[PDB]
Structures are given as C-alpha cells and as structure tokens.
Amino acid sequence: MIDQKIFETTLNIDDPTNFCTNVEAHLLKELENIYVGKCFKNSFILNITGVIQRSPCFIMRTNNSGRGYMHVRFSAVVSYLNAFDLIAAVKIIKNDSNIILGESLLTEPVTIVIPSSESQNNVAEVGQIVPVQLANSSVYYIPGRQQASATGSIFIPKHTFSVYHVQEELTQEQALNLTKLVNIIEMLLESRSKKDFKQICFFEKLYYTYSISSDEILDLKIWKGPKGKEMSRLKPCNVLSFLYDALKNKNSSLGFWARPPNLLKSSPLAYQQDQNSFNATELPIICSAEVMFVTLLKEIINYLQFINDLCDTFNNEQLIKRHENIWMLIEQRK
Amino acid sequence: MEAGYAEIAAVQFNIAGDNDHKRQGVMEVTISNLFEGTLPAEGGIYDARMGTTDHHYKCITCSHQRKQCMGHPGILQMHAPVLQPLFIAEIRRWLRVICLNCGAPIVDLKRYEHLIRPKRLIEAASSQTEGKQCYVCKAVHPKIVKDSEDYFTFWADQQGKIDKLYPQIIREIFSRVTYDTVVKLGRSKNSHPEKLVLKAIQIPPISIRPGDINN
Amino acid sequence: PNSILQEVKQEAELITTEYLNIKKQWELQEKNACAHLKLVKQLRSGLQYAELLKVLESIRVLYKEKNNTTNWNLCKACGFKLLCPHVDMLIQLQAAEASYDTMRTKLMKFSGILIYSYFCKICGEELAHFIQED
Amino acid sequence: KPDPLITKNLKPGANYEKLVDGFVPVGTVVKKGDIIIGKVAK
Amino acid sequence: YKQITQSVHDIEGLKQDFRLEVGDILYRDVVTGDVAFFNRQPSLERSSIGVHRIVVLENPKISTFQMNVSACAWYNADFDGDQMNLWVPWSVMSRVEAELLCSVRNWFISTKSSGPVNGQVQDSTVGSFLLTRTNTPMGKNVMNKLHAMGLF
Amino acid sequence: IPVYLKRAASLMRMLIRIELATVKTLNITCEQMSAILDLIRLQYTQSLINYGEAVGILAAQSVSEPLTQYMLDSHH
Amino acid sequence: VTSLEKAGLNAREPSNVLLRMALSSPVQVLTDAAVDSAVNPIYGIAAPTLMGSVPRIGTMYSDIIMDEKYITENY
Amino acid sequence: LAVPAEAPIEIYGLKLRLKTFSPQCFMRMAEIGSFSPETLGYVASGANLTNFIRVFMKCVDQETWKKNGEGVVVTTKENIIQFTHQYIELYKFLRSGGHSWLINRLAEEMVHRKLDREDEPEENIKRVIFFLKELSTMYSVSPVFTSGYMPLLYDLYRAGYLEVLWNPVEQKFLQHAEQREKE
Amino acid sequence: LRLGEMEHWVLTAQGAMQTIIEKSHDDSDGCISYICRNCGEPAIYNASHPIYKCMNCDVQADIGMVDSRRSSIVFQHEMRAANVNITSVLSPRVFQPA
Amino acid sequence: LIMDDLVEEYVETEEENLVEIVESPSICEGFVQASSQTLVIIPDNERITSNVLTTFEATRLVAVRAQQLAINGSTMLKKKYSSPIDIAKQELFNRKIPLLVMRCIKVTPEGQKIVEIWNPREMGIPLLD
Ligand SMILES: [Mg+2]
Ligand SMILES: [Zn+2]
Ligand SMILES: [Zn+2]
Ligand SMILES: [Zn+2]
Ligand SMILES: [Zn+2]
C-alpha cells in the first residue's frame with residue numbers, strides 16, 4: 001500500500017561549490033533523479049516528500065577529486081505491496097513458454113508472473129488488462145529496479161474464509177492507531193461515489209462468491225447506505241461504527257469474528273459472534289482485538305481499492321467486450 | 001543506484017563457514033573443464049561469473065571489463081567434508097573438551113569461569129580428559145590423537161581401539177555442541193566449532209588466480 | 001608572428017587570412033548552440049547501455065551524411081562537428097557488451113599514423129590500448 | 001614482416017619497417033619504436 | 001583529456017582544434033619551475049623525500065639528476081654512483097602539497113637534532129676560510145674592485 | 001587552564017621573566033614591550049606541533065638514524 | 001615496560017589485527033583474529049593502508065566542509 | 001543439548017522462546033530501513049512495542065516445565081496441535097498486509113519522533129589594523145580582528161612589516177608594497 | 001619503479017597524503033571498492049549495466065563507494081579464500097540536527 | 001630431475017599471547033551497519049582548539065580549493081591569476097575561501113560526533129607568500 005518512508009543515504013556531489021548557493025533544492029533534485037521510481041530498501045519510492053536531516057557537504061578525503069558527498073535523511077512516498085493485494089489492472093506482455101508474464105497498470109509498478117501449470121490460467125492473451133491477486137509469497141523489491149516483482153494469479157472470489165477468536169480487549173492507543181485505517185476507508189468510500197454505479201455493480205457481481213439476482217435487487221453502495229445481499233445467516237455489524245465508539249469505551253470486542261463469503265467483500269460489515277456459528281473448515285484464530293480489526297480493515301481497504309481500480313480501468317463497454325474470457329470463468333467458479 | 005561515498009571504519013574477522021560460502025558464492029563449480037575454446041567453460045574454475053582476468057571477455061556477474069572487475073567467489077560442493085586447514089588446532093582443542101557422543105562438554109565449565117575468554121578453551125584442552133565419563137550419556141572420552149603423517153588427520157584412541165576421525169564424523173560431533181558451551185569456553189558465537197568443517201569450499205575469484213595456483 | 005611573415009610572397013596574406021577564418025570559426029563553435037551539444041554530452045556521460053543506443057540513434061537523426069569511415073559528422077541543424085564515426089561503432093560495441101579485445105580489433109579501422117595506445121585517424125581519440133596480450 | 005591483414009595485435013606506434021625477411025639488416029640504426037625481428041603466430 | 005568526450009585525445013589528432021575548451025585536461029611537458037619529489041633510498045629521515053624546483057637541462061647529452069652539493073645532507077647522498085628517484089606531481093592537490101608542505105626549506109632544520117642540516121661542504125668551507133682569512137702567503141688578503149665584483 | 005598546560009609553559013615563563021626583567025627593560029617603551037610580547041606570542045604559536053602529526057614515525061626515524069652510526073663504531 | 005617487538009605490539013594494540021599482520025607473522029595473527037572474532041578499528045597508518053585507504057593524519061587529519069552560508073551569500 | 005541435522009529425536013513438548021529485545025534494537029532496524037515487515041514485527045514483539053507474539057501464543061501456555069527462560073511450553077498432544085496452529089496464524093499475520101502497514105507505521109512514527117526530538121582593538125593594534133586596511137588593497141592581507149589578534153600578527157609575519165608593532169614606519173614599506181605590486 | 005615501505009613512512013612523517021594518494025592509487029593499482037554497508041561484504045555495483053546488488057542480504061543492499069587498491073581487494077579475497085570472513089563496518093553516516 | 005626454483009618453506013615461531021545463551025538473535029549477530037551519528041557542533045565560545053590553521057589544515061584547504069577551481073572557476077578574487085594553486089592561495093590569504101574546517105574532537109558511544117567548526121577566514125594563516 002502507498003505509504004510514507006524515511007530513508008538514509010549518501011549522495012555524491014561533483015561540484016560542491018556549485019551544489020551550494022541552493023542546497024535544499026539541489027538536494028531534492030538529486031534525490032528525485034536517484035531514488036524516484038526505483039525499488040530501494042524493501043519499498044518502491046514514488047516521490048520525495050522532503051529532507052528531514054542532512055550532513056554538511058564534506059569533501060572526499062580518500063581521493064584527489066575535490067568532490068563532496070553529504071549524507072541525506074529524507075522522507076519519501078513509497079509503495080509496499082503485500083500478499084493477497086488486489087491489482088485490478090494487469091497487462092499481459094508474454095504468453096508463450098508457459099510463463100505468463102504481466103505488468104500492473106496501477107499506481108504501484110509491480111511486474112507479476114502468473115503460474116501456467118494451473119489450469120485456471122492460460123486464458124488471457126497479450127494486451128489483456130485483467131485483475132490479479134498477489135499470491136502468499138511476499139513481493140520482491142530488488143534494489144535499483146524500476147518495478148517490483150511478485151507472483152500472482154487470476155482473482156477468484158475465494159469462498160474459503162477465516163474465523164478470528166478475540167480474547168483480548170482493544171486499548172485506546174490501538175484504537176487510535178486503527179483510526180488511520182478507518183480514515184483510509186473513509187476516503188475510499190468517498191471516492192466510491194464518483195465511480196458510475198452500473199460499473200461498480202457489474203464488477204461486484206463478477207467478484208462475488210455466491211449469485212446475486214441479475215444486479216438489480218437492492219442498491220449496494222456502502223458508505224452508510226444500509227443494504228445487503230445474500231444474507232445467508234445472521235446480522236452484519238458495522239466495523240466503522242464499532243471502531244468509532246470503541247474510542248468512546250461504549251463496547252466490547254470480546255467474542256468470535258469472521259467475514260464469510262455471504263458478506264460483501266468491500267463493505268464495512270462483519271459478524272461479532274460468541275459461538276462460532278460459521279461453518280468454516282478451520283479452527284478459530286485466537287488473537288487480540290487489534291489483530292482481528294487490522295486484518296478486517298486491510299481486507300476492506302484491499303477490496304474497496306480493488307473495486308475502485310476496476311471501475312477506473314474499464315471505464316467503457318468496449319474494453320468489457322474485448323476481454324473474451326475474463327468475465328465468464330469468474331462466473332463459472334460460483 | 002548511485003553508490004554513495006563511504007570509508008571503512010572497522011574490519012571484522014571471522015571463521016567463514018560453508019553457509020557464508022553458499023551465501024557469498026555467485027556460482028557453483030561442477031565440471032573440470034577450463035576453457036570452451038576462446039571462452040571459459042561454464043561451471044568450471046575459470047568461469048567468467050567469477051570475474052574476468054582477460055580482455056577477451058567481460059565478467060557477467062558485474063558486467064565490467066578486466067580493470068573494473070574485482071572478482072567474485074564461487075562454490076565447490078564437496079562430496080565429503082573437509083577440515084579447515086587454518087584451524088586444525090582449533091578442531092583439536094574442541095575435540096578434547098566435548099563428548100563425542102552427545103556433544104556435551106566433558107570438562108567442568110565452572111572450573112574455567114575465572115580466566116579470560118581467549119584462554120578458557122586452551123586450558124580446557126590442556127587437561128587430559130582421557131577416560132573421563134560423560135555425565136549425560138555415560139560415555140568414555142577417547143584419546144584424541146593427532147596423526148604424525150599429516151597436518152589434518154585425527155585418531156580416536158579408545159583404550160587401544162583405533163578409529164579414524166573423518167571430517168564427516170567430526171562435523172557430526174561438532175554439530176552437537178551448544179552455543180552455551182561455546183560461550184562458556186570463551187569463544188564467540190561466530191566461532192562455533194560447526195564452522196570448522198566445510199562441505200562447500202570457496203574457490204577464490206579469478207582476480208587472485210590469473211592465468212600456478214589453478215592446477 | 002611578424003618575423004614569421006617577413007621570412008615567409010602572396011602566401012603571407014593567405015596565412016593571416018586563414019588564421020582569421022579559423023579564429024572566427026572557433027569562436028562560432030564555442031558560441032554554437034546546436035541541440036546535439038546536450039545530446040553528445042549525454043552520449044559520453046556514462047548512462048545505462050540501453051539508454052545509450054537510444055541517445056546514439058537520436059544523434060543519428062541529426063546526421064548530415066552516412067559516413068562509414070571517412071571524416072567527421074556535422075550537426076544538420078548547425079553544420080558544425082557532431083560525432084566521429086568511431087564513436088558510433090564504439091557505442092554499438094558497448095551496447096553489444098563486446099570484450100576489450102573485440103573492441104580493439106573492430107576499432108582497428110580508425111587507427112592513425114612507448115605510447116601503448118591506438119588513436120583515431122579522424123579525431124585522434126584513444127580507441128584502445130595494447131601493452132601485452134594475455 | 002607482418003601486414004595489416006597479419007595484424008590482430010600490431011603494436012601501437014611501432015615501425016614494422018626496416019624488416020627484411022623478418023629481420024632488420026646489419027648496419028641499420030634502430031630507434032625506440034622500431035620493430036626488430038618480426039615474428040607472427042597462427 | 002577532452003571533457004565533452006570524457007576521453008583522452010592524442011595531440012597529433014587534435015590538429016583541427018585551434019584552441020582548448022574549458023574543462024579540458026592538458027598533459028604538458030615538465031618545465032623549469034615545476035616542483036618535483038626527490039628521493040634517495042634508503043629513505044631513513046624526514047628529509048629523505050624533498051620537493052625541489054625543477055631546472056630543465058636542455059643539453060641532450062645530460063642524463064643525470066643534478067643537485068647542489070649542499071642539498072646532499074638532506075638525503076645522505078654523495079656523487080659516487082648514487083641513484084635518486086624523481087617524480088613530478090601532476091595532480092593539483094599533490095602539487096599544492098609539494099610546494100606548501102614537502103619543500104626542502106621545511107627540512108633545513110633537522111627534525112632529529114633540532115639543528116640546521118645544510119651548510120658549506122668541502123670546497124665551500126675551505127673557500128670561506130681562504131676568503132675570510134686576514135693574510136695570504138702573498139700578504140694581506142685583499143682583491144681589487146674587478147675581482148671583488150667577480151665574486152658576486 | 002589545565003595543570004599540565006601550566007607546566008608546559010614553565011620554561012618559557014622562566015625565560016621571559018629572566019630576559020624581560022625590569023633591569024633588562026629600562027630602555028624599552030610600553031608600546032615596545034607590547035610589540036615584544038606580541039612577537040613572543042607569535043613565535044610560541046608558530047613553534048607548536050601540528051594536529052595530526054605522525055610524531056611516532058618522526059621519533060622512530062630520529063632514533064633509528066643514529067643507530068647506523070652506532071654500528072659504524074662497533075669495532076671501537 | 002613493553003617491547004618494540006611483536007609482543008609489545010600485542011600488548012599495546014591487540015585489536016589492531018592489520019598492523020600486527022603487517023609487522024610480522026601474518027598467518028598466526030589472521031588465524032587468531034578469525035578464531036577470536038576480532039574487530040579491527042581502522043586507525044593509524046598500517047591498518048588504513050592494508051585496506052587500500054589513506055591514513056587520516058597530516059593533511060587528512062582535519063576534514064573540510066563547504067561554508068554553505070558564505071557560498072550562498074557570495075556566490 | 002544439540003542434535004545434528006536429520007537426527008531422530010522424540011518430541012515430548014515444545015517450548016517457544018519469548019525473546020526480549022531492547023527498543024534500541026528496533027530503532028536501529030528502523031534506521032537501517034530495509035528490513036522486511038515480518039522481522040520488524042518479530043523484533044517489535046520482542047520489545048514492548050507490539051505484543052502480537054504473546055497475543056497469539058499465550059492462549060496455549062499450559063505452564064508445566066518452567067526452566068528459567070520466559071516462554072510458552074506445550075506438553076499434551078492437543079496442546080501441540082493448538083500451538084502449531086497458533087504459530088502458523090501468527091507468522092501468516094506477521095507477513096500479512098495489515099501487520100505490514102502497522103509495523104511500517106510504527107517504525108515511521110518512532111524514527112520521526114526521534115528525528116524531531118533531535119532538533120575593541122588596542123591603540124597600537126588599531127594603528128596596525130589601519131595600516132593593514134591600506135595594505136589589503138595592495139597585498140593579500142585582508143584583515144580581520146579577533147581578541148588576541150593572532151591572525152593579525154600572522155599576516156604581519158608572512159608579508160614582513162612586523163616592525164609596525166613598535167615602530168611608526170607604516171608609510172615606509174607601504175610605498176615599498178606599492179612598488180612590489182606595481183612590479 | 002617502486003615507492004617502498006620507507007618512502008611511505010617518510011611521506012606520512014611529513015604528513016603529506018594527496019601524494020600517497022596520487023602515487024599509490026592514481027599512478028598505481030588504485031580502484032573503487034563497493035561494500036553493502038548492511039553486511040560489510042563486497043557488493044556488486046555497475047552504473048552502465050544497471051547492477052545494484054549484494055550476494056549477501058539482497059533487498060537490504062546499501063552500496064557505498066569506497067576508495068581502495070586492487071592489491072587490498074586481492075588481499076581480502078586471499079584472506080576469504082583461507083576461510084577468514086572479512087567484513088567492513090564502514091563509517092556511520094553523520095547528520096546535522098535540522 | 002634437478003629442480004632449482006625452490007620455495008623456501010616459511011615458519012612462524014613466536015606464538016601470540018593476546019590478553020540462557022541462544023543461537024543468535026537479529027541484533028547480537030549482525031547490525032554491522034553501525035548506528036548513525038548526530039553532529040554535535042561545539043559552541044564557538046566553548047572551542048578549545050587553536051584559532052590558527054595548522055600547515056596541514058591550510059595546505060588541505062588550498063589543495064581542495066584549487067582542485068575545485070580546476071573543475072569550477074567562478075572566483076571571488078579581484079586580481080587574475082593563471083593557476084588554480086595561486087588562486088586558492090590568494091583566496092586563503094584574502095580570507096575569501098568558501099571552505100570550513102571541522103575538527104572531530106570525539107565520537108561518543110551514544111552516537112554523537114562532537115566537532116569544532118572553524119572558519120578559515122577568521123583564522124591565522126601560517127603559509128608563505
Ligand atoms: Mg655513494
Ligand atoms: Zn566482475
Ligand atoms: Zn556424552
Ligand atoms: Zn575518432
Ligand atoms: Zn549485504
């Protein structure tokens with residue numbers, strides 16, 4: 001996810017006297033020329049926010065060049081993708097030799113290889129923009145490279161889900177930390193309104209585990225807007241309100257938690273149970289309220305960004321028509 | 001990019017185990033061929049990934065010419081382990097202070113818990129310890145005999161029962177030594193005796209063996 | 001300079017006229033502003049070997065003539081010296097990741113004329129060196 | 001006496017003249033860059 | 001070394017350059033007044049390496065490093081077969097240092113004995129005695145104006 | 001002032017108090033005395049050892065050089 | 001009273017592995033440094049020289065930085 | 001004790017070592033800035049910054065063995081299955097995007113907090129300076145005055161003309177300086 | 001022609017440098033060494049062919065430019081050939097409080 | 001059968017006489033990078049080093065300035081000199097040198113590089129001219 005980062009580096013100054021007379025500006029220019037758009041220290045670095053601390057322009061001591069170096073401690077805006085990250089725009093550039101290459105068209109430049117041994121793949125062709133979910137293998141940020149490296153696959157609703165048992169109560173500091181993700185979700189929901197409703201409905205129908213009756217029943221829009229589909233069993237709970245009144249000490253997160261496929265994978269909806277009524281084929285993950293809340297909020301952010309990027313890349317019906325195999329295998333695995 | 005200016009402030013010396021060789025090796029030597037015509041044979045000791053010493057080819061590893069290439073080490077996975085030639089005395093000292101069955105120290109660590117660290121192992125190995133009984137597995141420590149025919153062969157003397165201590169057996173013995181025993185004997189955690197036996201030796205960069213040491 | 005001219009007879013005026021011509025041409029070259037001046041600077045200032053071929057093609061755009069190996073090349077937008085033919089071959093070999101011996105052998109067409117170095121027949125630039133063969 | 005086709009490594013700044021049948025004749029002044037005794041491999 | 005090409009150019013291939021560009025590096029011959037490092041092995045003293053101003057001997061038949069006999073005390077040298085190493089600093093920093101830090105004027109006073117190193121030697125000592133003595137076998141040690149001028 | 005720095009100037013203090021005694025400075029004006037003190041301060045500053053001197057190597061050279069002469073009188 | 005031999009150097013600068021290798025007996029010094037995991041700070045002359053660097057003495061004892069204020073106000 | 005690789009051992013229990021690291025270790029790691037979020041989170045749990053390891057693993061404590069070093073030890077078989085499941089979930093979480101964001105934000109905040117927490121001449125000397133002010137226009141002795149006027153004396157030494165300290169002169173070798181500059 | 005041990009001792013007794021630098025690096029085998037600064041091992045840096053990598057810790061490579069000589073690089077390679085690990089700590093970066 | 005090029009076997013004889021615990025964490029083993037330092041500049045009134053440049057410092061300043069004028073050359077000097085060495089020397093003498101002298105007094109274990117910053121334009125110059 002796009003985030004800030006603080007880096008430490010030593011520059012090289014070939015004209016120390018000219019590099020002065022404007023040190024902050026020349027420093028920023030050199031940092032942009034060196035580190036912008038290049039993987040460095042387990043991150044990608046998109047732009048340089050500014051210089052926090054810096055050294056005096058020391059003259060090089062071990063050579064007779066007269067050059068200076070200077071140490072720079074600068075804050076930069078970086079992108080760190082993770083496993084299960086949803087990239088809605090991946091352009092395939094290679095399909096022969098059973099390697100299936102790709103390239104993300106999103107803000108985060110990751111080049112994604114897709115396994116060909118799996119029968120699910122080998123359906124996309126060159127020049128086909130199709131969403132991809134990153135595998136659980138960690139993104140590979142080679143220093144100095146112009147793009148990240150990861151392995152992903154064609155996204156599937158993934159009916160398998162996890163149940164989180166919560167035995168530790170939230171604290172005030174942890175809730176304040178979660179407020180950042182709550183704000184990120186709030187901006188995501190705000191941006192959700194600009195995208196045209198019919199495209200978001202079509203995409204959300206496509207990437208849903210179960211079947212929704214021809215994208216006409218109800219008007220799922222979240223950002224408040226209390227709607228809901230499927231409703232296999234039990235009542236969703238609004239995680240945003242729960243975290244907001246968690247700051248107010250008017251609630252308890254103790255219990256069982258899950259986000260089953262019946263829930264909308266984009267909505268701020270979750271079940272706070274006490275008996276593990278869910279029929280998942282896995283034992284509950286005993287953890288704290290912070291762990292479960294962070295996991296659910298990251299899932300919500302990933303899905304909201306996924307829907308927004310899907311609406312961004314396919315902004316017309318010509319692209320939808322062009323993708324001759326993308327939209328029907330996803331409806332096949334339902 | 002843009003490798004910034006730097007100066008070396010300190011140098012750390014350590015025993016290089018086979019894990020370090022595997023991490024630092026850019027290539028694995030597998031063949032005995034030297035040159036494939038006018039070019040080094042791939043996988044040989046002259047392989048260009050190790051650096052270039054001739055104008056007739058570049059490096060490959062660093063894509064530099066002969067002048068700008070500092071050379072890069074390789075790996076030779078030994079089919080049988082070898083003892084580190086520089087630390088034969090350290091192997092001998094470690095063999096005489098730990099039980100060859102369970103790896104526990106046959107010596108009393110409290111006995112040497114007043115000496116300086118560089119001397120604890122030397123004094124532990126100075127004591128006889130032949131015929132001592134392990135308090136863990138009740139085994140009898142043999143007589144560690146250094147063969148007089150070469151600088152590396154070790155002999156296990158069990159009241160006349162003579163058996164050769166092969167580097168594989170020595171590695172099995174040294175791998176049972178805990179880091180607690182290593183520290184209590186005055187050695188660094190980077191000086192674990194498990195690094196004294198090499199299953200993957202480092203073939204040096206061609207920069208230090210130009211086109212005899214390659215024979 | 002005077003004693004050189006009295007001891008030179010009409011050729012004396014040719015000397016001091018050609019001298020003024022070269023001086024004005026050199027002043028114009030110093031004040032020249034063809035777009036290649038940043039381009040030739042970028043070509044020789046070591047950058048990535050993938051970018052170098054693109055820049056060298058960008059230089060080839062401003063070529064006045066296809067000079068295999070005869071003489072200099074001129075900035076088509078200004079008519080002044082642009083790039084020696086050996087630089088084109090040298091940049092070709094750099095991108096090809098050719099060896100030093102291969103570069104020396106291929107560049108043994110611009111060789112002019114202990115120095116241990118070959119120099120260009122056109123621009124007198126160091127092509128390569130040969131001290132000893134290993 | 002090597003030739004341009006015989007080159008592959010001709011010494012920069014060398015003369016390669018004054019060579020008769022591969023050797024500089026007796027009585028010839030030879031300077032720093034002059035090639036005395038011409039020998040070619042391959 | 002042309003900056004625009006970032007490479008070294010032979011002087012015989014630069015017949016069309018007329019002048020030199022700013023940022024160019026010219027490798028010129030050693031001239032009189034240049035500083036040079038003079039060294040005699042074994043280098044045992046702080047004055048074993050000193051910096052002298054170069055005087056270029058234009059006689060083609062001279063192949064030796066000539067020096068004043070009073071400068072030999074710095075190097076413990078004599079003119080009976082001794083060989084000395086001489087290298088001219090070419091870089092700017094080295095030249096600055098040679099003319100500012102390693103010049104033999106800094107080694108006139110010994111670092112060892114805290115006293116002078118150089119002075120009159122052999123012919124100069126005897127000559128000073130002969131010039132400053134009151135009487136010669138020929139009478140009072142005097143010279144006319146012409147020979148007094150010739151001393152200077 | 002640290003004690004060792006006070007002891008470092010003991011000899012120069014002695015020499016100044018001897019050579020600038022009242023009996024010896026009767027024909028010196030106050031401005032001349034100021035000039036004399038300034039010259040002494042300048043000469044003292046010019047005599048200090050430089051920061052970063054390799055004085056160990058200087059001592060090694062200065063003591064090893066007489067050793068060859070000590071050898072040259074080994075038969076004496 | 002330490003000596004000027006190898007023993008005196010060992011007593012005075014045990015950590016300066018490079019200096020002791022440069023003096024004499026490089027093989028034993030290297031072996032002992034590897035066994036003891038010796039950290040060798042780079043100081044003096046022999047240690048920087050063996051690492052290809054220059055000693056930080058003489059002209060290099062004090063480092064030089066650019067007077068940024070003065071350069072800005074006097075271009 | 002220690003056993004060699006691929007050596008048959010018989011598992012009676014399993015103890016997780018709750019390693020404790022100082023916050024300075026995490027601060028050094030954040031200053032290096034290139035560590036993966038899993039190791040960063042592991043060390044932050046080692047310190048008292050995050051408690052995710054103890055959050056995930058203290059639910060299967062079943063303390064029956066002690067032995068000095070702090071940790072959790074599982075003896076019964078079902079406790080072993082629960083311990084393994086909790087370990088797998090904990091380490092999947094440490095490599096998850098949510099904990100990656102949390103640990104990157106924590107390292108950011110700590111480094112940012114640390115960085116933001118970081119931050120009359122005497123009559124004779126008057127005359128001498130006046131003399132050097134005229135000499136500055138004609139010789140490289142651009143004058144400055146400090147308390148002891150040590151640079152002033154040093155400049156009066158290189159050029160000669162140290163006599164101005166005690167003699168009126170001044171104009172004597174001022175014109176000599178004019179002649180030298182002219183030459 | 002050799003500038004031996006005693007010549008270097010004399011030059012460093014004068015406190016020269018910049019002449020030890022010139023003769024021993026620019027007029028000798030002086031080169032550039034690259035160290036990862038995270039593990040201390042010799043790193044692989046190439047500007048023309050884009051190579052910024054470390055055979056040790058990979059994503060943690062922070063390559064520093066260190067002036068060195070080919071003799072010292074060969075000496076360290078020889079020490080490592082005898083299974084002695086050489087790690088260069090590298091001078092820490094110093095920052096002025098903003 | 002006769003080999004002449006022997007290698008002269010080499011012998012070292014004077015031996016040196018230098019005078020819970022878990023496997024390894026990510027802190028004790030590793031962290032070769034060394035923590036970054038902060039520059040603690042001593043206040044001008046607390047400085048104890050000489051206000052006069054040493055010959056080493058002045059020589060280094062002149063060399064650095066002249067090398068910089070080799071690639072640059074925008075000079076604040078009044079009189080024109082034909083060599084960078086003379087220009088740098090006159091810049092030092094005219095107190096127009098754009099460099100500063102940092103004297104690292106001490107590097108503390110806590111990570112402080114205590115230094116004294118000296119301005120060569122307010123310092124005594126010991127060089128000759
Ligand atoms: Mg003699
Ligand atoms: Zn290489
Ligand atoms: Zn046992
Ligand atoms: Zn050319
Ligand atoms: Zn590394």
# chains A, B, ... in the order shown; residues from 1 in each chain; ligands from 1

call {"tool": "residues_around", "arguments": {"residues": "residue B:113", "least_positions_apart": "4", "cutoff": "10 Å", "atoms": "only C-alpha atoms", "output": "compact mmCIF listing (two decimals) with C-alpha atoms, in the first residue's frame"}}
result
# COMPACT_ATOMS: atom_id res chain seq x y z
CA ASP B 108 33.65 -28.61 34.14
CA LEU B 109 32.72 -25.18 32.79
CA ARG B 117 37.92 -15.59 27.27
CA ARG B 120 39.40 -20.82 28.54
CA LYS B 184 31.24 -20.65 28.44
CA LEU B 185 34.53 -21.76 26.83
CA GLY B 186 35.43 -18.18 25.91

call {"tool": "residues_around", "arguments": {"residues": "residue C:16", "least_positions_apart": "4", "cutoff": "12 Å", "atoms": "only C-alpha atoms", "output": "list in words"}}
result
residues 1, 2, 4, 5, 8, 10, 11, 12, 20, 21, 22 and 23 of chain C

call {"tool": "interface_residues", "arguments": {"of": "chain H", "to": "chain F", "cutoff": "8 Å", "atoms": "only C-alpha atoms", "output": "mmCIF file with N, CA, C and O atoms, in the first residue's frame"}}
result
data_model
loop_
_atom_site.group_PDB
_atom_site.id
_atom_site.type_symbol
_atom_site.label_atom_id
_atom_site.label_comp_id
_atom_site.auth_asym_id
_atom_site.auth_seq_id
_atom_site.Cartn_x
_atom_site.Cartn_y
_atom_site.Cartn_z
ATOM 1 N N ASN H 124 47.807 50.614 19.602
ATOM 2 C CA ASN H 124 48.797 50.091 18.668
ATOM 3 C C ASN H 124 48.156 49.125 17.683
ATOM 4 O O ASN H 124 48.460 49.151 16.484
ATOM 5 N N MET H 150 45.699 37.215 16.857
ATOM 6 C CA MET H 150 46.689 36.258 16.369
ATOM 7 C C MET H 150 46.727 36.184 14.847
ATOM 8 O O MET H 150 47.834 36.167 14.283
ATOM 9 N N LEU H 153 48.780 39.185 13.625
ATOM 10 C CA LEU H 153 50.227 39.022 13.722
ATOM 11 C C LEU H 153 50.747 38.049 12.674
ATOM 12 O O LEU H 153 51.831 38.251 12.114
ATOM 13 N N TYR H 154 49.994 36.980 12.404
ATOM 14 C CA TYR H 154 50.412 36.015 11.394
ATOM 15 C C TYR H 154 50.490 36.650 10.013
ATOM 16 O O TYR H 154 51.396 36.331 9.234
ATOM 17 N N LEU H 165 54.526 47.096 14.781
ATOM 18 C CA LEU H 165 54.102 46.893 16.159
ATOM 19 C C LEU H 165 54.839 47.817 17.121
ATOM 20 O O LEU H 165 54.264 48.240 18.130
ATOM 21 N N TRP H 166 56.102 48.140 16.834
ATOM 22 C CA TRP H 166 56.887 49.009 17.699
ATOM 23 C C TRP H 166 57.405 50.270 17.025
ATOM 24 O O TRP H 166 57.775 51.212 17.733
#

call {"tool": "atom_distance", "arguments": {"atom1": "atom CA of residue A:217", "atom2": "atom CA of residue A:199"}}
result
15.2 Å

call {"tool": "residues_near_ligand", "arguments": {"ligand": "ligand 4", "cutoff": "9 Å", "atoms": "only C-alpha atoms and all ligand atoms", "output": "PyMOL selection string"}}
result
(chain C and resi 71-72+83-87+110-111+119-127) or (chain E and resi 13)

call {"tool": "atom_distance", "arguments": {"atom1": "atom CA of residue B:145", "atom2": "atom CA of residue B:129"}}
result
12.7 Å

call {"tool": "interface_residues", "arguments": {"of": "chain I", "to": "chain J", "cutoff": "10 Å", "atoms": "only C-alpha atoms", "output": "count of residues only"}}
result
22

call {"tool": "residues_near_ligand", "arguments": {"ligand": "ligand 3", "cutoff": "12 Å", "atoms": "only C-alpha atoms and all ligand atoms", "output": "count of residues only"}}
result
28

call {"tool": "select_by_dssp", "arguments": {"residues": "stretch 9-83 of chain J", "states": "strand (DSSP E or B)", "output": "ChimeraX atom specification"}}
result
/J:37-41,52

call {"tool": "write_last_selection", "arguments": {"atoms": "C-alpha atoms", "output": "PDB file, in the first residue's frame"}}
result
ATOM      1  CA  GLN J  37      25.709   9.761  14.303  1.00  0.00           C
ATOM      2  CA  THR J  38      24.400  13.230  15.074  1.00  0.00           C
ATOM      3  CA  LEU J  39      26.740  16.189  14.605  1.00  0.00           C
ATOM      4  CA  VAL J  40      27.198  17.939  17.957  1.00  0.00           C
ATOM      5  CA  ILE J  41      28.899  21.193  16.968  1.00  0.00           C
ATOM      6  CA  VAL J  52      45.449  29.315  13.925  1.00  0.00           C
TER       7      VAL J  52
END

call {"tool": "residues_near_ligand", "arguments": {"ligand": "ligand 2", "cutoff": "8 Å", "atoms": "only C-alpha atoms and all ligand atoms", "output": "list in words"}}
result
residues 48, 49, 50, 51, 52, 58, 59, 60, 61, 62, 63, 64, 65, 66, 68, 69, 70, 71 and 72 of chain B; 44 of chain I
